[PDB]
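Here's the structure, in structure tokens; my notes come after.
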4 protein chains.
Amino acid sequence: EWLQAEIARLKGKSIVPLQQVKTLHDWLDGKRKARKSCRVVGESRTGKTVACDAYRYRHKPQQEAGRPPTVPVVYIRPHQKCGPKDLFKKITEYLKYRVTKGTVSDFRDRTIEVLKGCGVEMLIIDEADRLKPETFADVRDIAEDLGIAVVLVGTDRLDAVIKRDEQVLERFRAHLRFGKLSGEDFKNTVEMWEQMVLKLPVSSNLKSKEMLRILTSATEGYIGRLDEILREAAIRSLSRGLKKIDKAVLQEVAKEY
Amino acid sequence: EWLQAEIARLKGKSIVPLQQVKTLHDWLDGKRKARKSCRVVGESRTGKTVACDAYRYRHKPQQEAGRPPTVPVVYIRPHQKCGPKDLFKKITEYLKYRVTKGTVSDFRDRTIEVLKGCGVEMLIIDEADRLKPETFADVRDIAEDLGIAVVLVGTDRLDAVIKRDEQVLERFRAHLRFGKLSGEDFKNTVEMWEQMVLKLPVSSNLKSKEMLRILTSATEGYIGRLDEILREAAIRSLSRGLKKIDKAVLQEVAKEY
Amino acid sequence: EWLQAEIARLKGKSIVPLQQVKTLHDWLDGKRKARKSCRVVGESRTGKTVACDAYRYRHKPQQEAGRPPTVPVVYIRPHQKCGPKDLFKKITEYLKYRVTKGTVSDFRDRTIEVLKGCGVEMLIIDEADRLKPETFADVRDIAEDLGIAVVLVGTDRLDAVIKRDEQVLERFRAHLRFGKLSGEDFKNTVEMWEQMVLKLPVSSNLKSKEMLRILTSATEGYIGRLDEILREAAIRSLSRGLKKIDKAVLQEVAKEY
Amino acid sequence: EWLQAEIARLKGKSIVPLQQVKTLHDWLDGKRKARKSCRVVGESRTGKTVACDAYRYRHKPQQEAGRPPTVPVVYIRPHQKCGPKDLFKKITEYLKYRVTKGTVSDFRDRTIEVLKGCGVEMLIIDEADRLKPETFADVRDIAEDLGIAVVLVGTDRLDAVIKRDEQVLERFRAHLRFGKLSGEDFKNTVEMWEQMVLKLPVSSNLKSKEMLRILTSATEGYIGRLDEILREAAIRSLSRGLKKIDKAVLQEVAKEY
DNA sequence: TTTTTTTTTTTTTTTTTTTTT
DNA sequence: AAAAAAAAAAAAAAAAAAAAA
Ligand SMILES: Nc1ncnc2c1ncn2[C@@H]1O[C@H](COP(=O)(O)OP(=O)(O)OP(O)(O)=S)[C@@H](O)[C@H]1O
Ligand SMILES: Nc1ncnc2c1ncn2[C@@H]1O[C@H](COP(=O)(O)OP(=O)(O)OP(O)(O)=S)[C@@H](O)[C@H]1O
Ligand SMILES: Nc1ncnc2c1ncn2[C@@H]1O[C@H](COP(=O)(O)OP(=O)(O)OP(O)(O)=S)[C@@H](O)[C@H]1O
Ligand SMILES: [Mg+2]
Ligand SMILES: [Mg+2]
Ligand SMILES: [Mg+2]
């Protein structure tokens with residue numbers, strides 16, 4: 001069924017190139033070469049996690065020799081109230097090693113051992129705020145002992161957590177401020193969105209002012225909302241037998257927010 | 001004894017089709033297809049929980065194959081000050097899997113494993129206000145890692161809890177409002193009520209204005225009160241040897257509120 | 001005495017054909033042909049062990065020459081904290097060989113000799129959890145060295161044991177999820193039960209709703225409870241000089257659970 | 001019967017040339033010439049044991065002289081909790097000598113006599129982790145006294161055992177890490193597998209993306225799972241009278257994992 | 001400025017058995 | 001007939017990061 005094939009596609013996710021994503025990638029590349037600690041802070045739904053995923057794919061692990069694959073970048077997202085056994089477990093699994101039964105001290109060395117050999121140029125710890133304060137000692141140890149940069153990406157609240165510990169605050173001072181869209185950048189993003197993200201049989205012309213003012217009021221510059229508003233409107237429109245998104249559909253969806 | 005058979009019936013509960021229930025079911029069906037996460041908020045005794053139960057029965061689990069049943073929808077109601085071990089336990093038991101002794105970090109993974117295979121297209125959490133703030137991290141993780149929609153049903157107080165966390169508030173921005181009954185919808189509901197819920201030997205004619213003004217003052221548009229006023233009046237009337245509800249009985253019951 | 005003859009019969013056990021048993025039987029038949037090693041997991045009192053017994057009798061020993069019997073399938077149930085000398089002893093006795101005095105290293109080899117010669121295409125080890133972890137090495141060796149598939153039937157707790165050893169977990173990934181009864185399948189099972197298991201002089205009509213709601217509340221879908229509730233009720237009823245089971249008897253028995 | 005002839009074939013096993021197997025053979029060849037003890041560690045079902053078997057067959061025993069058969073490479077797999085009498089017995093039997101009744105101190109010396117004479121350049125001990133710690137002394141003695149290199153092939157758990165003894169850890173420091181398949185290597189392996197391992201009359205075109213995404217999700221890069229999924233699907237397909245594997249069959253089998 | 005509420009994270013110990021020699 | 005080794009678990013508080021009037 002054509003309709004179901006398009007809905008199964010639309011409900012899915014993809015990465016769209018944006019000025020903000022390229023900016024982060026070039027910035028992280030500098031910190032990687034210099035091995036310097038830094039921070040990534042911005043508002044929710046601005047597309048910070050997605051840009052980090054894209055970076056991991058930009059430079060993939062290289063395995064041209066018999067030895068363990070050389071993984072230049074490690075990306076992890078700690079669970080809630082993450083303790084020191086959990087941080088080490090997740091780093092080790094990411095690099096494809098199995099963790100054996102033992103205590104924190106027992107595989108701490110193993111984490112170091114697995115960290116060595118593989119390149120591990122940079123460690124990106126998304127959602128840094130969700131971590132027990134005691135674990136920031138093991139993060140500093142890694143950053144200090146090994147030639148590894150620790151990006152530590154987080155939301156605005158993270159700064160409230162970082163400032164509670166002098167030694168952490170004075171080691172992660174450099175920061176990039178991820179932001180939201182406004183002005184022409186938003187209009188160009190909507191034009192990009194229609195053509196690449198949407199494969200609808202008939203064009204919706206979402207760049208038009210009459211509907212762009214609606215997308216602007218509904219979105220407020222958050223790339224996460226633009227994705228929801230247009231992705232749901234496309235499925236709701238096709239489900240009615242339409243070949244494009246009607247102004248009435250954009251209004252009907254916007255009213256739910 | 002005929003009288004006791006009718007009292008044993010009247011003291012029981014049933015689901016009556018209403019415009020508000022159909023409206024929610026069609027709305028949830030859209031969010032299910034789009035895998036969109038959104039809240040359901042309204043006043044107490046408006047019949048929010050009952051509409052959610054009716055939805056679960058609309059799409060029942062399928063057992064055609066010898067494989068584990070594909071449950072399209074999961075409905076749970078967390079206990080007071082629900083923590084992260086309790087949320088996972090209740091989801092797992094709802095899928096007929098028994099939980100073994102272990103830590104959150106052990107059956108957090110089992111939950112994901114039971115979540116995979118079973119369809120679990122949508123997760124409805126009633127009494128969303130009854131969650132420790134720390135648990136909203138495990139809810140976001142589920143909503144993010146897998147394509148599952150989370151309803152997060154709650155009362156007006158839920159909004160006061162949601163706005164305390166930026167990341168949670170942004171994710172659940174879309175909402176549906178239950179409301180209450182007023183005008184013709186109430187009169188038609190009373191007519192439906194006497195016909196479908198009350199089966200007294202002789203008709204009471206509750207639609208009549210002389211008694212409808214009483215039901216209106218006593219219920220103030222809450223389907224929960226209309227249920228109580230008429231269900232108690234029917235038992236109290238039969239217990240006196242009456243075949244119908246007298247105006248005097250409706251007045252006597254209303255005076256207690 | 002007629003009464004004692006019926007009680008001596010009722011207190012006994014028998015195998016009733018069910019949809020779950022046939023499903024189980026023909027799934028095992030696929031694994032047997034493919035020589036695949038797979039696990040089978042189910043809740044207590046769902047009739048997992050009985051279905052395995054029925055399978056053994058479906059595929060009986062065949063003797064076409066003076067050579068040892070061509071035993072197609074082996075079924076064993078290990079004792080508590082079963083060690084490697086005990087697993088080998090029980091396999092060997094099952095095939096009707098006497099075990100001589102010696103060490104594990106002596107009749108480990110004798111076990112291989114008698115696993116050979118006879119076909120022994122399948123080995124079903126019920127209650128797999130009750131086994132010392134060290135013995136899973138001898139089970140893998142059999143499964144690896146000989147063209148034999150091993151079932152590993154067990155309860156939910158078995159999965160907690162299996163996941164403690166990487167090499168066992170990976171080998172035994174395929175699974176069948178034995179379940180409980182609900183809906184029409186339960187009503188039809190009660191009709192079958194009264195139809196075949198119970199031969200009372202006068203019919204009880206256990207499929208009627210007034211008593212079926214009682215059997216449902218008392219049974220909760222477990223075939224083991226339906227068997228207890230009706231088997232005890234039949235003996236208790238006959239002992240009172242009744243020719244059928246009265247609603248009062250089903251209620252009296254249900255109250256004990 | 002054609003169908004049974006194909007099933008009797010499909011249920012069997014064979015060795016498929018792979019990049020990982022050639023890599024190990026060239027690596028072991030270097031250690032053999034240098035007489036250097038070394039390790040082989042990787043995950044379960046990655047095809048570690050099969051590559052070792054292929055190596056033994058690459059360099060078969062040569063018997064062109066008066067002296068006893070010269071086996072350059074010896075391959076053994078110790079039983080569970082293998083002690084020092086068992087290690088010596090299995091080495092001696094492999095070289096085709098009968099072991100007489102006596103003590104460890106008697107055929108410890110007989111083992112040395114038969115290790116000598118025959119070239120015995122390399123000893124490959126599979127499943128090294130399942131060995132008694134006391135036996136590693138007899139392994140070091142062989143490696144130290146005789147010009148013989150010992151491989152010590154095993155899983156991730158072996159490293160936890162090795163690090164418990166300083167003298168063993170230092171001796172076996174060199175290692176080759178086995179890796180699972182990902183990317184193009186997996187797609188090319190599926191194409192190769194269909195051509196050489198499957199002799200089905202009608203081509204299945206398993207390289208196609210629609211079914212390759214299914215094989216990828218079901219396999220997760222483990223050559224052991226790709227073998228199982230496709231080998232069972234071929235038997236299940238032929239048993240239905242099909243000349244090829246249908247997408248429906250690959251899905252039906254994948255659902256069991 | 002107070003008063004719980006709980007959570008994991010910890011080892012130390014004490015016995016019991018199943019074979020080798 | 002006298003020894004060595006490998007389990008295989010139930011204890012009994014306890015210092016403390018975090019939280020609610
Ligand atoms: N470059 C992009 N291309 C396509 N979609 C994007 C992009 N960036 C963000 N999104 C959308 O944003 C949604 C949420 O992902 P992110 O915005 O990356 O999450 P986030 O930035 O971590 O915000 P949080 O939840 O506060 S941490 C996804 O559903 C994406 O569709
Ligand atoms: N298909 C069946 N036919 C007849 N009796 C059955 C059947 N299934 C279960 N029973 C009854 O259940 C008892 C046997 O236990 P099972 O029902 O097999 O429980 P189980 O599945 O073995 O669960 P456990 O406790 O884990 S062994 C006997 O008393 C049988 O009479
Ligand atoms: N060259 C090959 N040709 C055909 N089948 C192969 C080949 N290599 C591996 N396999 C299959 O994939 C599985 C994995 O190989 P194994 O011999 O199990 O190595 P392994 O998984 O490292 O051993 P374990 O599980 O750690 S004891 C085997 O059971 C084979 O069926
Ligand atoms: Mg995020
Ligand atoms: Mg049983
Ligand atoms: Mg192997």
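Residues in the structure tokens are numbered from 1 in each chain, the chains being A, B, ... in the order shown, and ligands are numbered from 1 in the order shown.
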Residues of chain D within 8 Å of chain A, counting only C-alpha atoms, as number ranges by chain: D: 23, 43, 156-157, 160, 176-177, 179
Selected residues written out, N, CA, C and O atoms, as a compact mmCIF listing (two decimals), in the first residue's frame:
# COMPACT_ATOMS: atom_id res chain seq x y z
N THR D 23 43.68 -13.88 7.92
CA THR D 23 44.45 -12.97 8.81
C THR D 23 45.06 -13.76 9.96
O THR D 23 46.26 -13.56 10.25
N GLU D 43 34.97 -12.43 20.83
CA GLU D 43 33.60 -12.67 21.37
C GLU D 43 33.11 -14.05 20.92
O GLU D 43 33.64 -14.58 19.92
N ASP D 156 36.62 -13.46 26.13
CA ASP D 156 36.97 -12.31 26.98
C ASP D 156 37.25 -12.70 28.44
O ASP D 156 38.10 -12.11 29.10
N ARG D 157 36.51 -13.69 28.95
CA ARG D 157 36.68 -14.21 30.31
C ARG D 157 38.08 -14.78 30.64
O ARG D 157 38.51 -14.76 31.79
N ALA D 160 40.46 -12.43 32.45
CA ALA D 160 40.21 -12.36 33.91
C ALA D 160 40.97 -13.49 34.63
O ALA D 160 41.43 -13.26 35.77
N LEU D 176 46.06 -11.45 19.50
CA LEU D 176 45.41 -11.17 18.23
C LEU D 176 43.94 -11.06 18.62
O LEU D 176 43.39 -11.99 19.22
N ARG D 177 43.28 -9.95 18.31
CA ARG D 177 41.90 -9.79 18.71
C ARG D 177 40.92 -10.13 17.58
O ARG D 177 40.94 -9.47 16.54
N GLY D 179 37.44 -10.15 15.59
CA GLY D 179 36.42 -9.13 15.49
C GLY D 179 35.20 -9.63 14.73
O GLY D 179 35.31 -10.53 13.90
All residues having an atom within 8 Å of ligand 4 (only C-alpha atoms (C1' of nucleotides) and all ligand atoms) as a PyMOL selection string: chain A and resi 44-45+47-50+126-127
Taking N, CA, C and O atoms for each residue, export the selection above as a short mmCIF file (atom, residue, chain, number, x, y, z; two decimals), in the first residue's frame.
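Listed below is the output, selection.cif:
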data_model
loop_
_atom_site.label_atom_id
_atom_site.label_comp_id
_atom_site.auth_asym_id
_atom_site.auth_seq_id
_atom_site.Cartn_x
_atom_site.Cartn_y
_atom_site.Cartn_z
N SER A 44 16.86 23.07 25.19
CA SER A 44 16.22 21.82 24.72
C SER A 44 15.61 21.97 23.31
O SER A 44 15.16 23.08 22.96
N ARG A 45 15.60 20.86 22.56
CA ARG A 45 15.01 20.72 21.20
C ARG A 45 15.73 21.62 20.17
O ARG A 45 15.09 21.97 19.16
N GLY A 47 18.66 20.65 18.84
CA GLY A 47 19.26 19.63 17.94
C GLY A 47 20.70 19.37 18.35
O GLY A 47 21.49 18.93 17.49
N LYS A 48 21.04 19.52 19.64
CA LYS A 48 22.37 19.29 20.14
C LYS A 48 22.74 17.82 20.10
O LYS A 48 23.84 17.48 19.67
N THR A 49 21.85 16.92 20.54
CA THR A 49 22.28 15.49 20.51
C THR A 49 22.54 15.01 19.07
O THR A 49 23.51 14.25 18.89
N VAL A 50 21.68 15.40 18.13
CA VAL A 50 21.76 14.93 16.71
C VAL A 50 23.09 15.36 16.08
O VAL A 50 23.70 14.54 15.38
N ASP A 126 27.22 12.99 26.68
CA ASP A 126 25.97 13.74 26.57
C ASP A 126 25.20 13.69 27.89
O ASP A 126 25.33 12.73 28.65
N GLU A 127 24.40 14.73 28.14
CA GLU A 127 23.61 14.81 29.36
C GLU A 127 24.49 14.62 30.59
O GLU A 127 24.27 13.72 31.40
#
For a quick test of understanding: name the residues of chain D lying within 12 Å of chain E when counting only C-alpha atoms (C1' of nucleotides), and present them as a CSV table (one decimal) with C-alpha atoms, in the first residue's frame.
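Once written, part12.csv looks like this:
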chain,number,residue,atom,x,y,z
D,83,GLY,CA,43.7,-31.1,35.9
D,84,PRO,CA,47.4,-32.0,35.1
D,85,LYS,CA,46.7,-35.8,34.3
D,102,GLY,CA,50.3,-44.7,36.0
D,103,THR,CA,50.7,-41.4,37.8
D,104,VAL,CA,51.2,-37.7,36.6
Strand (DSSP E or B) positions in range 1-250 of chain B, given as a list in words: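 Answer for range 1-250 of chain B, restricted to strand (DSSP E or B): residues 39, 40, 41, 42, 62, 70, 73, 74, 75, 76, 122, 123, 124, 125, 149, 150, 153, 154, 155, 175, 176 and 177 of chain B.
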Dump of C-alpha atoms for the selected residues, as a compact mmCIF listing (two decimals), in the first residue's frame:
# COMPACT_ATOMS: atom_id res chain seq x y z
CA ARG B 39 -0.46 14.98 27.51
CA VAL B 40 -4.16 14.49 28.44
CA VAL B 41 -5.27 17.02 31.15
CA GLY B 42 -8.71 17.76 32.67
CA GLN B 62 -3.25 -10.57 19.49
CA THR B 70 2.17 -8.25 20.45
CA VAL B 73 -0.81 -0.48 23.91
CA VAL B 74 0.42 -0.56 27.58
CA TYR B 75 -1.63 1.12 30.37
CA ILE B 76 -0.13 1.52 33.89
CA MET B 122 1.83 3.42 22.89
CA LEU B 123 2.44 3.68 26.71
CA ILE B 124 -0.32 5.42 28.76
CA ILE B 125 0.80 6.54 32.29
CA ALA B 149 4.33 7.23 22.26
CA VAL B 150 3.74 8.16 25.93
CA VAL B 153 -2.46 11.48 31.49
CA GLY B 154 -2.79 13.92 34.41
CA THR B 155 -4.96 16.40 36.33
CA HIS B 175 -2.21 18.38 24.77
CA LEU B 176 -5.92 17.44 24.76
CA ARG B 177 -8.45 18.93 27.22
Contacts of residue 190 in chain A within 12 Å, only C-alpha atoms (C1' of nucleotides), excl. fewer than 2 positions in-chain, as a PyMOL selection string: chain A and resi 16+18+181-188+192-198+204-209+211-216+219+221-223+225-227+229-230
Output of the above residues as a short mmCIF file (atom, residue, chain, number, x, y, z; two decimals), in the first residue's frame, restricted to N, CA and C atoms:
data_model
loop_
_atom_site.label_atom_id
_atom_site.label_comp_id
_atom_site.auth_asym_id
_atom_site.auth_seq_id
_atom_site.Cartn_x
_atom_site.Cartn_y
_atom_site.Cartn_z
N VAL A 16 19.48 16.31 8.78
CA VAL A 16 19.50 17.37 7.73
C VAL A 16 20.72 18.27 7.97
N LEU A 18 22.86 21.42 8.52
CA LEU A 18 22.50 22.80 8.93
C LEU A 18 23.78 23.58 9.29
N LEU A 181 16.99 28.91 15.95
CA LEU A 181 16.91 29.60 14.63
C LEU A 181 16.01 30.84 14.71
N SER A 182 16.35 31.87 13.93
CA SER A 182 15.52 33.09 13.77
C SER A 182 15.84 33.74 12.42
N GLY A 183 14.95 34.61 11.92
CA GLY A 183 15.22 35.37 10.69
C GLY A 183 15.31 34.48 9.46
N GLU A 184 16.12 34.88 8.48
CA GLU A 184 16.31 34.19 7.17
C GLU A 184 16.72 32.72 7.38
N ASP A 185 17.54 32.45 8.39
CA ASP A 185 18.05 31.07 8.64
C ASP A 185 16.85 30.12 8.79
N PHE A 186 15.77 30.60 9.43
CA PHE A 186 14.54 29.79 9.64
C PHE A 186 13.83 29.57 8.31
N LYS A 187 13.62 30.65 7.54
CA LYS A 187 12.95 30.55 6.21
C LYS A 187 13.72 29.58 5.31
N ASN A 188 15.05 29.70 5.26
CA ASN A 188 15.89 28.81 4.41
C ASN A 188 15.79 27.37 4.91
N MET A 192 14.60 24.12 2.84
CA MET A 192 15.44 22.89 2.87
C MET A 192 14.57 21.71 3.34
N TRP A 193 13.80 21.92 4.41
CA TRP A 193 12.93 20.86 5.00
C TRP A 193 11.94 20.28 3.98
N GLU A 194 11.20 21.12 3.29
CA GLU A 194 10.23 20.65 2.31
C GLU A 194 10.87 19.72 1.28
N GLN A 195 11.89 20.21 0.58
CA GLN A 195 12.54 19.43 -0.47
C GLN A 195 13.25 18.14 -0.06
N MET A 196 14.01 18.16 1.03
CA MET A 196 14.74 16.96 1.43
C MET A 196 13.97 15.99 2.33
N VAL A 197 13.41 16.50 3.41
CA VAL A 197 12.66 15.68 4.36
C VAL A 197 11.34 15.12 3.82
N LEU A 198 10.64 15.91 3.03
CA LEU A 198 9.34 15.51 2.49
C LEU A 198 9.37 15.07 1.01
N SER A 204 4.05 21.80 -1.30
CA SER A 204 3.23 22.57 -0.33
C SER A 204 3.60 24.06 -0.33
N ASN A 205 4.80 24.41 -0.82
CA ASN A 205 5.23 25.83 -0.87
C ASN A 205 5.21 26.43 0.54
N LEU A 206 5.84 25.74 1.50
CA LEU A 206 5.82 26.13 2.94
C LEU A 206 6.60 27.43 3.18
N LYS A 207 7.37 27.89 2.19
CA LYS A 207 8.18 29.13 2.33
C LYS A 207 7.25 30.34 2.27
N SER A 208 6.07 30.19 1.65
CA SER A 208 5.10 31.28 1.50
C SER A 208 4.79 31.96 2.83
N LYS A 209 4.66 33.29 2.84
CA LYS A 209 4.44 34.06 4.06
C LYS A 209 3.17 33.70 4.84
N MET A 211 1.74 30.95 5.35
CA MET A 211 1.90 29.70 6.16
C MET A 211 3.19 29.76 6.99
N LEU A 212 4.18 30.53 6.54
CA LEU A 212 5.48 30.71 7.24
C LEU A 212 5.26 31.42 8.58
N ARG A 213 4.31 32.36 8.63
CA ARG A 213 3.99 33.08 9.90
C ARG A 213 3.41 32.07 10.90
N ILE A 214 2.70 31.07 10.37
CA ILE A 214 2.06 30.00 11.20
C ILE A 214 3.16 29.08 11.74
N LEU A 215 4.06 28.64 10.86
CA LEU A 215 5.19 27.75 11.23
C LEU A 215 6.08 28.49 12.25
N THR A 216 6.27 29.80 12.04
CA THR A 216 7.08 30.64 12.97
C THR A 216 6.43 30.70 14.36
N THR A 219 6.56 27.20 15.90
CA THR A 219 7.93 26.65 16.09
C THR A 219 8.76 27.45 17.11
N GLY A 221 11.38 28.97 16.68
CA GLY A 221 12.81 28.78 16.34
C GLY A 221 13.42 27.45 16.76
N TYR A 222 12.63 26.56 17.36
CA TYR A 222 13.16 25.25 17.84
C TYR A 222 13.11 24.23 16.71
N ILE A 223 14.26 23.66 16.31
CA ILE A 223 14.28 22.75 15.13
C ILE A 223 13.43 21.54 15.52
N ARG A 225 10.63 21.52 17.08
CA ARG A 225 9.18 21.71 16.89
C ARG A 225 8.87 21.72 15.39
N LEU A 226 9.74 22.36 14.60
CA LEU A 226 9.53 22.43 13.13
C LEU A 226 9.42 21.00 12.62
N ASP A 227 10.26 20.10 13.15
CA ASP A 227 10.24 18.68 12.71
C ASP A 227 8.90 18.02 13.09
N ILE A 229 5.88 19.51 13.77
CA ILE A 229 4.70 20.21 13.20
C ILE A 229 4.54 19.70 11.77
N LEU A 230 5.62 19.73 10.99
CA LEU A 230 5.60 19.33 9.55
C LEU A 230 5.50 17.81 9.35
#
Exercise answer, chain B residues close to chain F, 12 Å and only C-alpha atoms (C1' of nucleotides), as a PDB file with N, CA and C atoms, in the first residue's frame:
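This went into out.pdb:
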ATOM      1  N   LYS B 132       8.370  10.232  41.092  1.00  0.00           N
ATOM      2  CA  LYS B 132       9.515  11.010  41.639  1.00  0.00           C
ATOM      3  C   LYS B 132      10.046  11.729  40.393  1.00  0.00           C
ATOM      4  N   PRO B 133      10.457  13.015  40.488  1.00  0.00           N
ATOM      5  CA  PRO B 133      11.028  13.742  39.346  1.00  0.00           C
ATOM      6  C   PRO B 133      12.165  12.986  38.641  1.00  0.00           C
ATOM      7  N   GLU B 134      12.921  12.173  39.389  1.00  0.00           N
ATOM      8  CA  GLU B 134      14.117  11.482  38.833  1.00  0.00           C
ATOM      9  C   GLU B 134      13.679  10.448  37.791  1.00  0.00           C
TER      10      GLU B 134
END
